[PDB]
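Step one of this worksheet: look at the structure below.
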Protein chains: 8
Amino acid sequence: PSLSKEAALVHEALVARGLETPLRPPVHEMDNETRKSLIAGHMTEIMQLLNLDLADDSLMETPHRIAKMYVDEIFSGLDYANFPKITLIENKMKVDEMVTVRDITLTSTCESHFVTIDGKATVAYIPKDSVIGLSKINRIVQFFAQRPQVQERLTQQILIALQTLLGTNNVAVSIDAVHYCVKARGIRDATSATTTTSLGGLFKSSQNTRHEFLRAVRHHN
Amino acid sequence: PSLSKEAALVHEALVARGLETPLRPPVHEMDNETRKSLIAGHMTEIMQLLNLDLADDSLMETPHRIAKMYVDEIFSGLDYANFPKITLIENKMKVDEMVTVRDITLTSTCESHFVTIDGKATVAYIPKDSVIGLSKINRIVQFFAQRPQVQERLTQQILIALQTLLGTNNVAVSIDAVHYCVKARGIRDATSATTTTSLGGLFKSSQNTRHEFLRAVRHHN
Amino acid sequence: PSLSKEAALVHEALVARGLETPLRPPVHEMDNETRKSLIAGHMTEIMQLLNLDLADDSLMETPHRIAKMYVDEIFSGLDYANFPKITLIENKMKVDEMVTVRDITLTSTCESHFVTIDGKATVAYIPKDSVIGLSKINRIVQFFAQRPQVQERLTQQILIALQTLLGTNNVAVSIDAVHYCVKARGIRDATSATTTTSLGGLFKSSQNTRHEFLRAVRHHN
Amino acid sequence: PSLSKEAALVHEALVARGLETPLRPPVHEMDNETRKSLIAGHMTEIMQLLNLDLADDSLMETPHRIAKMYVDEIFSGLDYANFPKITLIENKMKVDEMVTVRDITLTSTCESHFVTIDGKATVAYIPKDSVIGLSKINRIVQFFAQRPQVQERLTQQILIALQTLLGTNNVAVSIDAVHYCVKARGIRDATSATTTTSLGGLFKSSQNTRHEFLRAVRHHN
Amino acid sequence: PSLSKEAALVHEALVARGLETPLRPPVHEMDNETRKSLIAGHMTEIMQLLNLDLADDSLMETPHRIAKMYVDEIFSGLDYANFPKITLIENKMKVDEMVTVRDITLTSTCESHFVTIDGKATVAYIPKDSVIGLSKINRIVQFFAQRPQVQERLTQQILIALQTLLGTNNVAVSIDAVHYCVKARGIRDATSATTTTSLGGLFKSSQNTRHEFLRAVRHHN
Amino acid sequence: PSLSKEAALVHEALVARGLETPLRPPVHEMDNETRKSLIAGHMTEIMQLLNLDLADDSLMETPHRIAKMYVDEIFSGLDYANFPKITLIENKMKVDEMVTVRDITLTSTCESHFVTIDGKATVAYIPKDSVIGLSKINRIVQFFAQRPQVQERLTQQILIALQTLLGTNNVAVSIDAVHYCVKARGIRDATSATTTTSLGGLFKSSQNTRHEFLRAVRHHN
Amino acid sequence: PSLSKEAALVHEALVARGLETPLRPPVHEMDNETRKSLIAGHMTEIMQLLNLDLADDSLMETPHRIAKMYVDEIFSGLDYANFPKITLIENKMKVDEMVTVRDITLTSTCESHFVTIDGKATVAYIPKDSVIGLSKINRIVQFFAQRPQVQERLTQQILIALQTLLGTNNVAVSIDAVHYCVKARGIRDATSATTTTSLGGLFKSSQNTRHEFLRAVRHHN
Amino acid sequence: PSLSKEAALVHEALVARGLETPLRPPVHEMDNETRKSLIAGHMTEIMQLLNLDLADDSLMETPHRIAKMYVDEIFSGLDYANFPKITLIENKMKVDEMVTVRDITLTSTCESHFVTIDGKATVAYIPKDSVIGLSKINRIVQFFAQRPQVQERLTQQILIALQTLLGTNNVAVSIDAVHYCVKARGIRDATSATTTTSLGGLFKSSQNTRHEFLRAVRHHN
Ligand SMILES: Nc1nc2c(ncn2[C@@H]2O[C@H](COP(=O)(O)OP(=O)(O)OP(=O)(O)O)[C@@H](O)[C@H]2O)c(=O)[nH]1
Ligand SMILES: Nc1nc2c(ncn2[C@@H]2O[C@H](COP(=O)(O)OP(=O)(O)OP(=O)(O)O)[C@@H](O)[C@H]2O)c(=O)[nH]1
Ligand SMILES: Nc1nc2c(ncn2[C@@H]2O[C@H](COP(=O)(O)OP(=O)(O)OP(=O)(O)O)[C@@H](O)[C@H]2O)c(=O)[nH]1
Ligand SMILES: Nc1nc2c(ncn2[C@@H]2O[C@H](COP(=O)(O)OP(=O)(O)OP(=O)(O)O)[C@@H](O)[C@H]2O)c(=O)[nH]1
Ligand SMILES: Nc1nc2c(ncn2[C@@H]2O[C@H](COP(=O)(O)OP(=O)(O)OP(=O)(O)O)[C@@H](O)[C@H]2O)c(=O)[nH]1
Ligand SMILES: Nc1nc2c(ncn2[C@@H]2O[C@H](COP(=O)(O)OP(=O)(O)OP(=O)(O)O)[C@@H](O)[C@H]2O)c(=O)[nH]1
Ligand SMILES: Nc1nc2c(ncn2[C@@H]2O[C@H](COP(=O)(O)OP(=O)(O)OP(=O)(O)O)[C@@H](O)[C@H]2O)c(=O)[nH]1
Ligand SMILES: Nc1nc2c(ncn2[C@@H]2O[C@H](COP(=O)(O)OP(=O)(O)OP(=O)(O)O)[C@@H](O)[C@H]2O)c(=O)[nH]1
């Protein structure tokens, strides 16, 4: 009937470190539909200001599609009600070596221009008492990515979230991404990409562990 | 003091073919600055509906950046004042074989979701009386690309525009593109790409010519 | 309050050609939850027959996960209530060249062993009166794929469905896939893959069009 | 007339470490044929709940094929009667440098969804008194792989089994795998892969050794 | 009404280190058009000295094109009026790990022959109190690149400029490039490329930090 | 004591077809040295106009280098005194199948901006009475490339030149190139390339021969 | 006690077609050892003319090594006593489709400069009454390759020899090679390669057969 | 009127280290033309000993071509009058990090068999007081390469020459090459290549510097 234990813990953990995405507390419990109608209205206006003919079949539904996309899709991560269900199992295997999930599909939106960020994450962790379900790592990366973002902040949030859930600081996150506000606009750099890393526990502390992780990052197909 | 001879011709040709992007005639000669301020206003409202903290340094200038992007950047192609300066030379070389410009960078926006379209175009033409300046082919592709688009329409527009400018129907246009409204959202298909082609003159009529062009399309790096 | 016009038409079209997947009409309007509890019960038994310790945290929820996966996920295409919302726009562009969507992600299950089929589809069509929304092609391929399948049948169903929706026989479908019941079991062939094609209208009729499509099939990344 | 010396030793070692796959002791010495018939029965029921027409030629033998697959194929590793015949030779060569077998085909099933796990293992060991037959390394990996698994556990099992058989703790195991329960369903991440490692003896203790092994891991074709 | 605080600061810092490109102070505030007409005249003479027929439509506008290129394009970085607008945000994320922007498109001209330098830059920095906008790193690299250059000096300039702007010495710059004065002329080495690096702060001091950066350098596509 | 028979014939043939690069007849038999001194002076002026400090060691010799480059280097192809020594052998082998030389290095300069053109040529011909020395094909391509060029013209010149020298119209020339005036400036398209072809004799006439050649063109490494 | 039946027939066929490599009949039956001593002496003189210190251990044996190489190695194909032993089997399989041996290692020496030619041959034939041993095709290519060659001639020679041996004109030979007299000297083109083909029977006559062969040529690894 | 200051110093340095290629001092100041005529004669004899028909147009000029090649081409590095003109600039940039020129085209001849050596050199140095012109590094590599060589010696020679010229011991040279006397003859190993390195100053002394260099060696295209 509310946020899960994990959603709450992770959110609290992020607020405490001052890492939460700039979001304002629920000012009014207004149904999403009203938000979507409102947003669509604004988009109708913007399109009119761009002199686009909204009468055309190809543009007619765009304001509603954009509203739905903002509220229901690309920024779904802002609502913790969409936080992934987390499942863990006892580390009976007694695994004390890192588990790495590489090339995680990452789709995000840069907050400076509200434009596509296309990337891939690599997450590693040394299991302590529990082993997390592999897909949950993918879902967590994707939860934070479905928000207007700053890559540097995104990498931190995923790290903190995982540390919190796994009960260990021994987590490492790395994200490699192409920002379309850099690529298809402005400086229009067709080839560059940005890499950001957030190292936890031994990944930070131990150069041995650190470089094992870093060496593993970016392995072509 | 107005649109170039070329911009006027191309625009006319497109209107004649019913190919123009759904744009409404200049209802009011209002300076771009007011449109940008009004659009920025709407974006501000939208971000507030999304509960984003516009007081944050990273989000504070977003509404302005987006308004500037829509009006001055990604949709610059909607304004024929931005049409490329066309330069040609006499076909003294008597070239009667196609000239092909492959892998032309193409950055566009889909009009259904106002999301990134990342593509590459391949354009070929058989010189009649004139040889067009190479970069002009790239600029024309980019001119029509910088608009809310439907890839199928975009391909048509580039073909007509080039036929008009080159004074020959023997032009062929092929665009291969990734639609982020397909890739990073909805069906979320991380691998697909869409190919559209517009064949004219001999490229449509002559199977020999047609397949020479088609075979040439898509040559890895 | 029922199936959409398109879902109905497509289903009727498939039944008429005898191409429907072997599915029995709704014998009882029993809620999915009962089906899932029933299926989970069966899976509990099977696991017990395999002497697996369902008391272990890692196996405890498997019967429920499998039930959910069968009913709600991997065979969701069996229920036309899950048929994609189809959107089309007038072919005002007057496009009379084929539109190809290549490398469509295809995830299916072979009906002989209920094992993973991992593939990619390539769909082409010559627009007649309408142009279909690009993602709808991806969603249609995926609707039929989320069913116990025989690749040869799958390719036919997608073809017929598209022809029906697009109002044209000029459609071509090609699927390239790896069957894990061939790869990870039995003959254990680690390298082979199967290609199946269903050519419609001109794709069948015209060798010119046919080979243009076939030549386009399979383009590495 | 029973399990080999090796199968017995390895099984004991695994039980000792609490590493055995959740399997219950032989409650009844019932012939595989009855289990297969009962499992096939349950699959029949499931397919009927999914409304599949079992009268169809393609679906008619499915319940039998699945029962045979579970009992005799994909889970064959659960029965130590299937343990590989181990052959070793005297380390007369006095090899005191690691021997590495890379890219070992690995086909497994995740126990959470009973779906395909497609992977590759890399195994290294420093010969003490004996040199193991190369193919035995592959067969052992495949022995534990043919079971409902948790990749983290699987890696542990292979390490212990090999240490036991080789009489040395100096063994290292690394598995890279694609989980179809992640890729073709749920989060549906088409690009990620999971890497797990189990380091023993010098591979754990000696950083020089450890990194020699880690550097060697993942060498494209 | 003059240079930005940033442009001034960067220019001062470069002059202080004796790193500025050999440029003479504004001897006369003469309008660029005069320079372009003067340069165009010199180019006209040169072409005449080469016996090129400036009457030809293809050559006629060359003197004016080269003039425009030197003054307005390829050497635009010589004028700090063209320095990029820098944006930074508070490092609230508390990022204390390097941020790397790789494969930055770099287009320069060698000062020895005024011929094309085609290259790519990799820049990394450890955020201190502020996080710079990603595109700014790209624009800065390009600002200094659009000048007659010596690759060794160019790397130094970008390093110092970034250190100045970021307020940290923890910055690293690496550039890999092809010099057409080497490739398409003289020794005509079609295969060589040159790599230069400029390490600051921890990138120079800490071998751990240094090699992390160096390892990251050059990652194919 | 003058131009070779071949140099004369080729030059004549090109003038006849109106294919010669826009060059004016020797107005004065002035030694290259004074042309170099004058060009150097104009360059010194240009650099001064750009405010470059010619006192610097790195810039001091630039004017001389650029003068030496224009006169003695990059445009050496304008002087038929540099035409390659042609050697042929009797086609005693009776070869009546095309001989193709692919991936011929081609370094040229666009005449619109006097910038680098980096490309590769593919030449094929059907030997009639004589077989040409293989390197001569490379030298001829390079002869015409070392000139201010228009790619479309360059291809034409190599075709006529070779036909003349081989005494057969059965020659085909294809050039693929990157124009730095398009890549590193203006539209700044980092990915495009231009392909031009000049087909003679059977390569023009016979579609069989034509497509054998065209298929052959562009074979990666 | 002399040349094999095949060596004789092949040599005869080549002489008839005027395809033999310029070799003079055995003027004197002088033992190879004397030729080597004479050749060695000439090389000793040459090296002295080059002022090389033959006293040095690294140069002392060179004259002998070069003599041995010319006589016994690189030009062994000049002596038909080195012709490969040919083995054929009855075409009981009734194969009437081409058999293609691709990527045959080919090492030759150009006769213009006596410098390395590195290439690969592709041979196809339609079996008539016999099927030749696969390795014999490779040995034949190498027989003719081990001679001072002209690639165009070499291709002809292999074709004729094979037709003779196989008793069919339906043979096709293609050779792709890098000539070091072009690459490491003179024009010094580091990227070009030459392709020659010799098509017989149906490969020449039938465009269907001809293009099946040509399409097959050059398949990367 | 004699050898340059650099040619002298370099030659001296090599003699001091006993690294010069086995060359005898100018016994007689005889014009190259006579050497070529003498060498040509010896080659004529050799070819006659091989029974080659020098009357043939393809072989007639070979003796002259080989003479010209030995004297004027492939062994030009033996004469210091061909030493490259060296240009350096003041290290005003204060670069104290290595500058690396990778993939330098290297064409040599092995002295054991006077056969092609195809390789690539990688040179790095830490600038002390001067920065050398980039192309000079390539010209130096090629100066020493154009001699009858021993790869191990060649690598040493380039290292010493560069240290001499740059006035620093901090130079590193690495060469990767294919010897045709190994590949196309004798053992006929078609896949092997040899790698030699010469490390000076810090490249030898500092493992940090040494491994930064080694890691940089061999970067595919
Ligand atoms: N550090 C960081 N910067 C980002 C990110 N997304 C966008 N940016 C940058 O934030 C900045 C926005 O700068 P402004 O100068 O305010 O807007 P702009 O003028 O449109 O920027 P330009 O792209 O350089 O044209 C740009 O430099 C963007 O590239 C991100 O995730 N992290
Ligand atoms: N033909 C065509 N369709 C496009 C293009 N860009 C976007 N579309 C499609 O236009 C359609 C929008 O359909 P709607 O159903 O109206 O919106 P939606 O529900 O968000 O669509 P889904 O992406 O399928 O979730 C989608 O199928 C888009 O993929 C384009 O360039 N051409
Ligand atoms: N044509 C076709 N065959 C399929 C498909 N999926 C699975 N199969 C095959 O259908 C057959 C099942 O054959 P059976 O012989 O009944 O079962 P099986 O003995 O387990 O088959 P083996 O895999 O050969 O061990 C196999 O040959 C499967 O490879 C599909 O989509 N199309
Ligand atoms: N650690 C680990 N987890 C696995 C493995 N195979 C599957 N899993 C995960 O175990 C978990 C099952 O979680 P549940 O939440 O119980 O099932 P689910 O809701 O279908 O999970 P989703 O895939 O996230 O939709 C998933 O996160 C799987 O990806 C494995 O080998 N190791
Ligand atoms: N260190 C360095 N050298 C450069 C750069 N750009 C060009 N050069 C070199 O500066 C030198 C110019 O030398 P000069 O001998 O004065 O001119 P040049 O005779 O045309 O030189 P060659 O190219 O060797 O023919 C060459 O060695 C160029 O390769 C650069 O960025 N850095
Ligand atoms: N057609 C053909 N020509 C070859 C072959 N091997 C070498 N050649 C060429 O035969 C010619 C020898 O020409 P010459 O002009 O007599 O000697 P050269 O001056 O040293 O030739 P350049 O390499 O152009 O410097 C060159 O053009 C070689 O590239 C071959 O197999 N076939
Ligand atoms: N056809 C052809 N055009 C060329 C070639 N080299 C350069 N060009 C083009 O010739 C034209 C010069 O056009 P102008 O408009 O006169 O000069 P510009 O404004 O600097 O051109 P932009 O490059 O578009 O900025 C450009 O479009 C160049 O890309 C060539 O070989 N062939
Ligand atoms: N170290 C070194 N050896 C070389 C080089 N070039 C050639 N060689 C070798 O020097 C040796 C010549 O050996 P010999 O035994 O005198 O002549 P050979 O019998 O023809 O040698 P084989 O190639 O083994 O048939 C060979 O082993 C060559 O491979 C080089 O650059 N460095």
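In the structure tokens, chains take letters A, B, ... by order of appearance, with residues numbered from 1 within each chain and ligands from 1 in the order shown.
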
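The contact shell of ligand 1, defined as all polymer residues within 6 Å when only C-alpha atoms and all ligand atoms are used, comprises residues 110, 112, 149, 150, 151, 181, 182 and 186 of chain A; 65 of chain B; 87, 131, 132, 133, 134, 135 and 136 of chain E.
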
Discussion item. As a quick test: using only C-alpha atoms and all ligand atoms, which residues lie no more than 12 Å away from ligand 8? Give them as a PyMOL selection string.
Written reply: (chain G and resi 57-70+72-74) or (chain H and resi 108-119+145+147-155+175-189+192-196)

Could you write out that same residue set with C-alpha atoms as a compact mmCIF listing (two decimals), in the first residue's frame?
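Heads up, here's the output in out-v3.txt:
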# COMPACT_ATOMS: atom_id res chain seq x y z
CA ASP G 57 79.59 -13.39 -39.92
CA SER G 58 76.15 -12.08 -40.88
CA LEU G 59 77.20 -11.43 -44.51
CA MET G 60 79.79 -14.17 -45.13
CA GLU G 61 77.31 -16.86 -46.20
CA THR G 62 74.90 -14.57 -48.07
CA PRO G 63 76.33 -15.15 -51.60
CA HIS G 64 75.94 -18.93 -51.06
CA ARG G 65 72.42 -18.46 -49.60
CA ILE G 66 71.32 -16.35 -52.57
CA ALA G 67 72.82 -18.86 -55.04
CA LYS G 68 71.04 -21.73 -53.26
CA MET G 69 67.80 -19.72 -53.26
CA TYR G 70 67.84 -18.94 -57.00
CA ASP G 72 67.22 -24.68 -55.47
CA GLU G 73 64.37 -22.62 -54.09
CA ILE G 74 62.40 -19.64 -55.44
CA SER H 108 64.00 -3.37 -45.36
CA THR H 109 65.99 -6.24 -46.85
CA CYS H 110 67.39 -9.09 -44.73
CA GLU H 111 71.14 -9.45 -45.29
CA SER H 112 71.13 -13.26 -45.03
CA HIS H 113 69.15 -13.70 -48.29
CA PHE H 114 68.71 -10.12 -49.63
CA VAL H 115 64.94 -10.60 -49.44
CA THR H 116 62.09 -8.31 -48.36
CA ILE H 117 61.42 -7.45 -44.72
CA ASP H 118 58.07 -5.74 -44.22
CA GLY H 119 57.56 -4.10 -40.86
CA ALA H 145 65.94 0.34 -42.97
CA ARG H 147 70.22 -1.37 -45.91
CA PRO H 148 71.01 -5.14 -45.88
CA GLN H 149 69.77 -5.69 -42.31
CA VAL H 150 69.48 -7.77 -39.18
CA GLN H 151 66.32 -6.57 -37.38
CA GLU H 152 68.07 -6.69 -33.98
CA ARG H 153 70.85 -4.40 -35.27
CA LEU H 154 68.42 -2.06 -37.10
CA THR H 155 66.46 -1.45 -33.89
CA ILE H 175 59.96 -2.97 -34.60
CA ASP H 176 57.49 -5.62 -35.69
CA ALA H 177 58.31 -7.32 -39.00
CA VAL H 178 57.64 -10.16 -41.46
CA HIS H 179 60.73 -11.63 -43.11
CA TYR H 180 60.00 -13.13 -46.51
CA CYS H 181 63.05 -15.43 -46.19
CA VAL H 182 61.00 -17.06 -43.39
CA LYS H 183 57.55 -16.67 -44.91
CA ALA H 184 57.93 -17.40 -48.59
CA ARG H 185 60.84 -19.75 -48.37
CA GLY H 186 62.59 -22.29 -46.12
CA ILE H 187 60.33 -22.97 -43.16
CA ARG H 188 57.59 -21.07 -45.06
CA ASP H 189 55.81 -19.91 -41.92
CA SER H 192 54.83 -15.47 -37.73
CA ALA H 193 56.36 -12.03 -37.18
CA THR H 194 59.35 -10.84 -35.10
CA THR H 195 59.31 -8.06 -32.50
CA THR H 196 62.49 -6.36 -31.31

Worksheet item: Near residue 28 of chain D, within 12 Å and counting only C-alpha atoms, which residues show up once chain neighbours fewer than 5 positions away are dropped, as a list in words?
Response: residues 49, 50 and 51 of chain C; 34 and 35 of chain D

Response to the item:
Min atom-atom distance to ligand 7 from the set B:91, B:164, B:209, B:191, counting only C-alpha atoms and all ligand atoms, belongs to B:91

Fill in: Contacts of residue 1 of chain H within 10 Å, only C-alpha atoms, excl. fewer than 2 positions in-chain, as a ChimeraX atom specification
/H:3-4,81

Write out as a PDB file with N, CA and C atoms, in the first residue's frame the set of residues from segment 14-138 of chain H that DSSP, computed on the backbone, places in strand (DSSP E).
ATOM      1  N   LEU H  88      64.796  20.572 -35.623  1.00  0.00           N
ATOM      2  CA  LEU H  88      64.338  20.511 -34.245  1.00  0.00           C
ATOM      3  C   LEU H  88      63.842  21.901 -33.886  1.00  0.00           C
ATOM      4  N   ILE H  89      63.039  21.991 -32.832  1.00  0.00           N
ATOM      5  CA  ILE H  89      62.542  23.268 -32.364  1.00  0.00           C
ATOM      6  C   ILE H  89      62.725  23.245 -30.871  1.00  0.00           C
ATOM      7  N   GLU H  90      62.892  24.422 -30.304  1.00  0.00           N
ATOM      8  CA  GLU H  90      63.080  24.599 -28.881  1.00  0.00           C
ATOM      9  C   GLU H  90      61.868  24.051 -28.134  1.00  0.00           C
ATOM     10  N   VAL H  99      56.581  11.391 -26.468  1.00  0.00           N
ATOM     11  CA  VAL H  99      55.918  11.692 -27.717  1.00  0.00           C
ATOM     12  C   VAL H  99      56.143  10.383 -28.430  1.00  0.00           C
ATOM     13  N   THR H 100      55.069   9.767 -28.929  1.00  0.00           N
ATOM     14  CA  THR H 100      55.166   8.478 -29.629  1.00  0.00           C
ATOM     15  C   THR H 100      54.672   8.511 -31.049  1.00  0.00           C
ATOM     16  N   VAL H 101      55.493   8.037 -31.971  1.00  0.00           N
ATOM     17  CA  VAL H 101      55.132   7.962 -33.373  1.00  0.00           C
ATOM     18  C   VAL H 101      54.984   6.450 -33.576  1.00  0.00           C
ATOM     19  N   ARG H 102      53.756   6.003 -33.813  1.00  0.00           N
ATOM     20  CA  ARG H 102      53.466   4.589 -34.008  1.00  0.00           C
ATOM     21  C   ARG H 102      53.119   4.241 -35.438  1.00  0.00           C
ATOM     22  N   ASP H 103      53.351   2.983 -35.805  1.00  0.00           N
ATOM     23  CA  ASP H 103      53.063   2.440 -37.133  1.00  0.00           C
ATOM     24  C   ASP H 103      53.805   3.043 -38.266  1.00  0.00           C
ATOM     25  N   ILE H 104      55.071   3.338 -38.032  1.00  0.00           N
ATOM     26  CA  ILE H 104      55.909   3.910 -39.067  1.00  0.00           C
ATOM     27  C   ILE H 104      56.174   2.814 -40.112  1.00  0.00           C
ATOM     28  N   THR H 105      55.915   3.128 -41.364  1.00  0.00           N
ATOM     29  CA  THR H 105      56.134   2.205 -42.458  1.00  0.00           C
ATOM     30  C   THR H 105      57.617   1.871 -42.500  1.00  0.00           C
ATOM     31  N   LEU H 106      57.964   0.586 -42.514  1.00  0.00           N
ATOM     32  CA  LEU H 106      59.369   0.193 -42.552  1.00  0.00           C
ATOM     33  C   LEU H 106      59.569  -0.883 -43.594  1.00  0.00           C
ATOM     34  N   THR H 107      60.413  -0.576 -44.578  1.00  0.00           N
ATOM     35  CA  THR H 107      60.715  -1.486 -45.666  1.00  0.00           C
ATOM     36  C   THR H 107      62.203  -1.748 -45.618  1.00  0.00           C
ATOM     37  N   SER H 108      62.585  -3.010 -45.430  1.00  0.00           N
ATOM     38  CA  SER H 108      63.998  -3.367 -45.363  1.00  0.00           C
ATOM     39  C   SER H 108      64.288  -4.626 -46.186  1.00  0.00           C
ATOM     40  N   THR H 109      65.536  -5.070 -46.136  1.00  0.00           N
ATOM     41  CA  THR H 109      65.992  -6.245 -46.854  1.00  0.00           C
ATOM     42  C   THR H 109      66.834  -7.017 -45.862  1.00  0.00           C
ATOM     43  N   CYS H 110      66.580  -8.315 -45.674  1.00  0.00           N
ATOM     44  CA  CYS H 110      67.387  -9.088 -44.731  1.00  0.00           C
ATOM     45  C   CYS H 110      68.737  -9.350 -45.416  1.00  0.00           C
ATOM     46  N   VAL H 115      66.363 -10.472 -49.178  1.00  0.00           N
ATOM     47  CA  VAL H 115      64.937 -10.597 -49.440  1.00  0.00           C
ATOM     48  C   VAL H 115      64.133  -9.670 -48.528  1.00  0.00           C
ATOM     49  N   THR H 116      63.013  -9.202 -49.044  1.00  0.00           N
ATOM     50  CA  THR H 116      62.092  -8.312 -48.365  1.00  0.00           C
ATOM     51  C   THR H 116      61.804  -8.552 -46.892  1.00  0.00           C
ATOM     52  N   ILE H 117      61.745  -7.454 -46.140  1.00  0.00           N
ATOM     53  CA  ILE H 117      61.416  -7.449 -44.720  1.00  0.00           C
ATOM     54  C   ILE H 117      60.340  -6.353 -44.685  1.00  0.00           C
ATOM     55  N   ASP H 118      59.137  -6.704 -44.268  1.00  0.00           N
ATOM     56  CA  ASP H 118      58.067  -5.742 -44.221  1.00  0.00           C
ATOM     57  C   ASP H 118      57.726  -5.542 -42.765  1.00  0.00           C
ATOM     58  N   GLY H 119      57.878  -4.324 -42.254  1.00  0.00           N
ATOM     59  CA  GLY H 119      57.564  -4.098 -40.859  1.00  0.00           C
ATOM     60  C   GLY H 119      57.038  -2.731 -40.515  1.00  0.00           C
ATOM     61  N   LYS H 120      56.805  -2.535 -39.226  1.00  0.00           N
ATOM     62  CA  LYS H 120      56.320  -1.282 -38.684  1.00  0.00           C
ATOM     63  C   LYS H 120      57.077  -0.980 -37.408  1.00  0.00           C
ATOM     64  N   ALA H 121      57.539   0.265 -37.295  1.00  0.00           N
ATOM     65  CA  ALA H 121      58.291   0.740 -36.131  1.00  0.00           C
ATOM     66  C   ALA H 121      57.459   1.675 -35.261  1.00  0.00           C
ATOM     67  N   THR H 122      57.769   1.684 -33.977  1.00  0.00           N
ATOM     68  CA  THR H 122      57.101   2.514 -33.001  1.00  0.00           C
ATOM     69  C   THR H 122      58.248   3.149 -32.247  1.00  0.00           C
ATOM     70  N   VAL H 123      58.305   4.473 -32.304  1.00  0.00           N
ATOM     71  CA  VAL H 123      59.346   5.259 -31.655  1.00  0.00           C
ATOM     72  C   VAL H 123      58.767   6.266 -30.671  1.00  0.00           C
ATOM     73  N   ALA H 124      59.361   6.332 -29.483  1.00  0.00           N
ATOM     74  CA  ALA H 124      58.946   7.248 -28.435  1.00  0.00           C
ATOM     75  C   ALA H 124      60.196   7.875 -27.822  1.00  0.00           C
ATOM     76  N   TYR H 125      60.043   9.087 -27.308  1.00  0.00           N
ATOM     77  CA  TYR H 125      61.144   9.805 -26.671  1.00  0.00           C
ATOM     78  C   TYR H 125      60.529  10.836 -25.764  1.00  0.00           C
ATOM     79  N   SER H 130      64.919  19.964 -27.014  1.00  0.00           N
ATOM     80  CA  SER H 130      64.313  20.166 -28.315  1.00  0.00           C
ATOM     81  C   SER H 130      63.255  19.121 -28.638  1.00  0.00           C
ATOM     82  N   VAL H 131      62.415  19.480 -29.597  1.00  0.00           N
ATOM     83  CA  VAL H 131      61.327  18.673 -30.101  1.00  0.00           C
ATOM     84  C   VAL H 131      61.712  18.496 -31.561  1.00  0.00           C
ATOM     85  N   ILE H 132      61.800  17.251 -32.021  1.00  0.00           N
ATOM     86  CA  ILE H 132      62.179  16.952 -33.405  1.00  0.00           C
ATOM     87  C   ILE H 132      60.969  17.006 -34.340  1.00  0.00           C
TER      88      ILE H 132
END
